[PDB]
Amino acid sequence: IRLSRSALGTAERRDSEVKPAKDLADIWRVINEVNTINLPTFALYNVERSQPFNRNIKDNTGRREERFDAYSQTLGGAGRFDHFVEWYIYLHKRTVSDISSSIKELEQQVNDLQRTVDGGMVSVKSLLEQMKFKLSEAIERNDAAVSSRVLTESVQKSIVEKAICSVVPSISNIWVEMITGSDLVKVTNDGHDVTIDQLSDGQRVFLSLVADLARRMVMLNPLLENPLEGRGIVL
Amino acid sequence: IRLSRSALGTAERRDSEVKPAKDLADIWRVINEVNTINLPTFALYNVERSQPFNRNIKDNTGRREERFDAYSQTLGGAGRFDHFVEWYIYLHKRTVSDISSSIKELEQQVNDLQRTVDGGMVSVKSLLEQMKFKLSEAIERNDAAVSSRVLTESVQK
Numbered sequence: 159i160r161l162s163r164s165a166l167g168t169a170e171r172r173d174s175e176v177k178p179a180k181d182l183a184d185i186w187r188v189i190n191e192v193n194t195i196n197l198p199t200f201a202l203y204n205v206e207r208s209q210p211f212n213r214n215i216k217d218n219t220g221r222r223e224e225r226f227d228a229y230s231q232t233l234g235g236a237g238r239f240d241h242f243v244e245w246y247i248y249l250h251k252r253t254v255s256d257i258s259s260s261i262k263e264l265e266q267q268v269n270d271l272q273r274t275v276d277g278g279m280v281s282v283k284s285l286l287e288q289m290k291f292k293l294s295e296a297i298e299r300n301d302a303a304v305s306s307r308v309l310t311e312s313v314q315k316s317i318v319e320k321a322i323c324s325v326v327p328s329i330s331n332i333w334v335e336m337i338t339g340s341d342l343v344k345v346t347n348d349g350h351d352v353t354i355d356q357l358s359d360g361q362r363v364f365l366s367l368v369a370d371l372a373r374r375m376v377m378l379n380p381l382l383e384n385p386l387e388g389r390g391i392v393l
Numbered sequence: 159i160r161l162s163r164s165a166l167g168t169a170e171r172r173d174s175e176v177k178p179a180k181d182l183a184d185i186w187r188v189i190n191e192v193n194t195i196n197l198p199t200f201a202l203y204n205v206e207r208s209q210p211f212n213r214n215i216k217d218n219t220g221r222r223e224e225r226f227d228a229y230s231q232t233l234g235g236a237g238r239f240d241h242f243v244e245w246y247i248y249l250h251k252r253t254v255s256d257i258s259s260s261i262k263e264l265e266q267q268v269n270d271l272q273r274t275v276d277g278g279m280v281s282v283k284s285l286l287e288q289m290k291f292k293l294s295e296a297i298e299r300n301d302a303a304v305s306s307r308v309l310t311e312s313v314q315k
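Sequences listed follow chains D and F, in order. Numbering-wise, the authors' numbering puts 308 at position 150 of the first sequence, and it's gapless, one number per residue. Numbering-wise, the authors' numbering puts 260 at position 102 of the second sequence, and it's gapless, one number per residue.
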């Protein structure tokens with residue numbers, strides 16, 4: 159593939175030879191639409207990254223949930239970290255809003271006080287064994303899935319969280335809080351739970367790069383056990 | 159109460175008398191500031207309520223609701239749809255297992271997405287049970303300003 163351009167005020171204009179790239183991408187697109195395949199990732203992280211703030215506007219831009227949103231502004235120079243935050247909050251809502259994906263944590267959460275209230279602390283049961291009634295209520299809120307109950311969105315969220323925690327040294331965990339009912343993302347830096355906007359320049363920029371790359375890899379590789387092992391080129 | 163105005167350039171300006179209205183409003187304000195009382199509501203819904211208003215309200219829901227926020231924009235752009243949707247979603251997020259006091263946003267913080275991670279952080283309601291005795295010193299502290307007592311977010315939704 160050759161990109162060519164002639165200077166201003168030149169009678170003879172040079173053309174570009176981009177046909178083979180179109181042919182290869184046509185192969186990818188046609189095969190993918192007929193039967194889902196793993197798509198390559200093309201990202202550019204130039205100096206336009208490290209911009210301040212996050213999630214500036216609601217960004218009505220095309221439904222971050224859909225797969226081909228991973229190619230939007232992918233080579234712009236600055237990763238769309240607002241897109242990542244919106245997608246992460248989407249994943250958290252999908253995970254916590256499924257009875258099958260909530261009864262699993264309800265069952266585990268109930269079988270944690272027994273490991274604690276049995277030893278003592280009679281004050282950690284008044285408003286905590288009431289949550290056992292919620293697990294009992296989940297029985298009548300269910301019996302429609304019975305089997306499976308393995309959400310794809312939960313797997314994507316876990317993969318992205320593991321990648322973020324493994325690559326970024328200071329960050330140990332990342333999650334979404336809904337109480338105080340603005341949606342906000344919190345991380346753990348050096349053992350301290352801090353929100354996403356109080357990061358420093360160097361831990362927020364690197365996290366933005368890693369999170370955007372992980373999101374695009376996960377969205378473009380749905381048929382891989384580890385989506386981050388997909389192929390692509392990153393600048 | 160008489161509201162008066164004179165045309166610009168007139169030698170003599172008509173004066174409006176608003177003293178008795180101020181007296182009644184002072185009665186209301188002082189009695190409320192000593193002991194909580196139910197206050198009147200004055201709302202105007204003009205034809206501009208249907209127009210889609212723009213306020214750049216993104217993450218503006220820090221929303222420390224005081225009792226006197228009901229008098230803000232009450233005779234102007236009061237009944238807007240986007241504000242209702244935003245407030246309703248915010249309140250529903252807060253209302254889920256409604257516990258939220260000035261302190262219980264921390265109890266729900268340690269009882270949600272915590273209580274499952276390792277590291278000897280099993281502390282749930284344990285460290286702040288002595289702070290839970292400050293709940294009366296906390297939930298009554300928000301309305302300790304007796305002029306600003308409101309209902310809970312569930313009796314309000």
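Backbone N, C-alpha and C define an ideal beta-carbon position, used for all residues, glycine too.
Query, Result
"Along the stretch 245-259 of chain F, what residues have a CB closer than 9 Å to any CB found in chain D?", "247, 248, 249, 250, 251, 252, 253, 254, 255, 257 and 258"
"What is the DSSP secondary structure of residue 342/D, reduced to helix, strand or coil?", "strand"
"Would residue 266/D count as contacting chain F if we go by Cβ distances under 8 Å?", "yes"
"Using 8 Å as the threshold, is the C-beta distance between residue 241/D and residue 222/D below it?", "yes"
"I'd like to know if residue 273/F contacts chain D, where contact means its C-beta is closer than 8 Å to some C-beta of that chain.", "yes"
"Got a sec, what are the start and stop residues for the alpha helix (DSSP H) residue 369/D sits in?", "362-378"
"What does the Cβ neighbour count give for residue 314/F, buried or exposed, with the cut at 16 atoms within 10 Å?", "exposed"
"Between 306/D, 366/D, 275/D and 390/D, which lies nearest to residue 213/D when the distance is taken from Cα to Cα?", "366/D"
"What's the gap between the Cα of residue 394/D and the Cα of residue 361/D?", "This structure cannot settle anything about residue 394/D, because the visible part of chain D is limited to 159 through 393."
"So does the stretch 368-385 of chain D actually touch the stretch 225-233 of chain D, counting three or more Cβ pairs closer than 8 Å?", "yes"
"Contact criterion: CB-CB distance below 8 Å. Does residue 284/F meet it with respect to chain D?", "yes"
"Strictly under 8 Å for the Cβ-Cβ distance: is residue 188/F near chain D by that measure?", "no"
"Confirm, please, whether the CB-CB distance from residue 334/D to residue 341/D is below 8 Å.", "yes"
"Since residue 160/F sits in a beta bridge, which residues does DSSP pair it with?", "175/F"
"Since residue 303/D and residue 260/D should fall inside the 8 Å C-beta cutoff, what is the C-beta to C-beta distance between them, to a whole number of angstroms?", "Their Cβ separation, rounded to whole angstroms, is 11 Å, which puts residue 303/D and residue 260/D out of contact at 8 Å."
"Rounded C-beta distance between residue 174/F and residue 164/F? I'm assuming under 8 Å.", "Not confirmed; about 10 Å, so no contact."
"Look up residue 332/D in the DSSP assignment and say whether it is helix, strand or coil.", "strand"
"Check this for me: beta carbons of residue 339/D and residue 246/F, under 8 Å apart or not?", "no"
"Would you list the residues sitting across from residue 353/D in a DSSP beta bridge?", "344/D"
"Could you tell me which residues DSSP puts in a beta bridge with residue 203/D?", "235/D"
"Rounded to whole angstroms, what's the CA-CA distance from residue 306/F to residue 186/F? Just pull it up for me.", "13 Å"
"CB-CB under 7 Å to residue 426/D, same chain, minus the five flanking residues each way: which ones, in chain order?", "It is not possible to answer for residue 426/D, since the shown part of chain D is limited to 159 through 393."
"If I measure Cβ to Cβ from residue 322/D and keep anything under 7 Å in the same chain, skipping five residues before and after, which residues do I get?", "329, 332, 365, 368, 369 and 372"
"Rounded to whole angstroms, what is the Cα-Cα separation between residue 243/F and residue 311/F?", "16 Å"
"Assign residue 167/D to buried or exposed, taking buried as 16 or more other Cβ atoms, counted over all protein chains shown, within 10 Å of its Cβ.", "exposed"
"For residue 304/F, name the three-state secondary structure that DSSP assigns.", "helix"
"Report, in whole angstroms, the separation of the C-beta atoms of residue 354/D and residue 263/F, which I expect to be a contact under 8 Å.", "In fact, because the Cβ distance is near 18 Å, the residues do not count as touching under 8 Å."
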